[PDB]
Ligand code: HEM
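Quick heads-up: it's one chain on its own, the form deposited without ligand HEM, in structure tokens.
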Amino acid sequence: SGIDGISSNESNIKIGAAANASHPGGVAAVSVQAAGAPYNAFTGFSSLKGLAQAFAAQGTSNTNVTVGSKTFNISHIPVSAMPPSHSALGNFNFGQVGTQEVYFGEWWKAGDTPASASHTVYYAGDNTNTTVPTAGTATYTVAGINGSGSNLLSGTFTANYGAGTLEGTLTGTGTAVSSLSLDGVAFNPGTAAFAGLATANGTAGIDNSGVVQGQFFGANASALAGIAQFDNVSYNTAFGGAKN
């Protein structure tokens, strides 16, 4: 019980819980494993939102973005906008699913781009209260991050709880990925973790090498989050969704 999540490269990014919290295990956090001490500590995403607000005049941003009926708080933290002593922490773009304890995002090393091998995607959320129905259907409004803090992928995912399948496609402009389609993404009915394959289209053409991993979160599966990794790392994407 507590924070669950996945990173596409644990040499660069690990997810966990913020230490010394009022809710041990309940505050989603991220560690830049690519950095040495003291830059590799686990920092709560909530604190990173605060930094993205605090450095806004220098080029970071924190914005409540509406996608249909849902709000996704987006934090954009490029190395170029942060003081030199923060260069080892690298570049972040991440989102929060509403006010739920569910975060999803990406990272890459200082001096790299999202096309570089260090492009890493992750999600993190509190599993403590998660339950998933064993029957019926629901839809989610989903936002995706792919190499940008200003242009998001968006779409609707459909959860078939009786069949144990998650289906749908995200689309967007201004990112390497133009469309991302779940292929056989599935879960045991009544359980939270899902995985499968994916196909992206975009500025490099079709890439069907995608592997998707994620999970439902919250009472009655009020949210979901996950990652999609491809042979072409510029297509690596993190996503989060709120149940409609």
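Each residue number is its position in the shown sequence, starting from 1. The term rigid core refers to the most C-alpha atoms you can superpose between the two forms while keeping them within 1.5 Å. Shifts are known only where both forms have a C-alpha.
Omitted from view is the form deposited with ligand HEM bound, to which the following refers.
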**Request:** Determine which one of 21-29, 217-225, 6-14, 232-240 lies within 4.5 Å of ligand HEM in the deposited bound form, judging by heavy atom distances; exactly one does.
**Result:** 21-29
**Prompt:** Taking heavy atoms and a 4.5 Å cut-off, does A81 contact ligand HEM in the deposited bound form?
**Reply:** yes
**Prompt:** Would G205 count as touching ligand HEM in the deposited bound form under a 4.5 Å heavy atom rule?
**Reply:** no
**Message:** Is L170 near ligand HEM? Define near as a heavy atom within 4.5 Å, in the deposited bound form.
**Reply:** no
**Prompt:** Just to confirm, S178 within 4.5 Å of ligand HEM in the deposited bound form by heavy atoms?
**Reply:** no
**Asked** What are the residues of 77-92, in order along the chain, with a heavy atom within 4.5 Å of ligand HEM in the deposited bound form?
**Response** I77, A81, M82, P83, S85, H86, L89, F92
**Message:** Is the shift of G136 between this form and the one not shown large enough to count as movement, that is, does its C-alpha move by 2 Å or more after the core is superposed?
**Reply:** no
**Asked** Taking the rigid core as reference, does the Cα of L89 move 2 Å or more between this form and the one not shown?
**Response** no
**Prompt:** Rigid core fitted, then: does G26 show a CA shift of 2 angstroms or greater between this form and the one not shown?
**Reply:** yes
**Complete:** The CA atoms of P24 and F194 move 3 Å or more in the deposited bound form, ending up farther
**Complete:** One pair moves by 3 angstroms or more in the deposited bound form: the C-alpha atoms of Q215 and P24, which are farther
**Request:** Fit on the rigid core and then flag the segments of at least 3 consecutive residues whose Cα positions all differ by 2 Å or more between this form and the one not shown.
**Result:** 19-26, 80-85
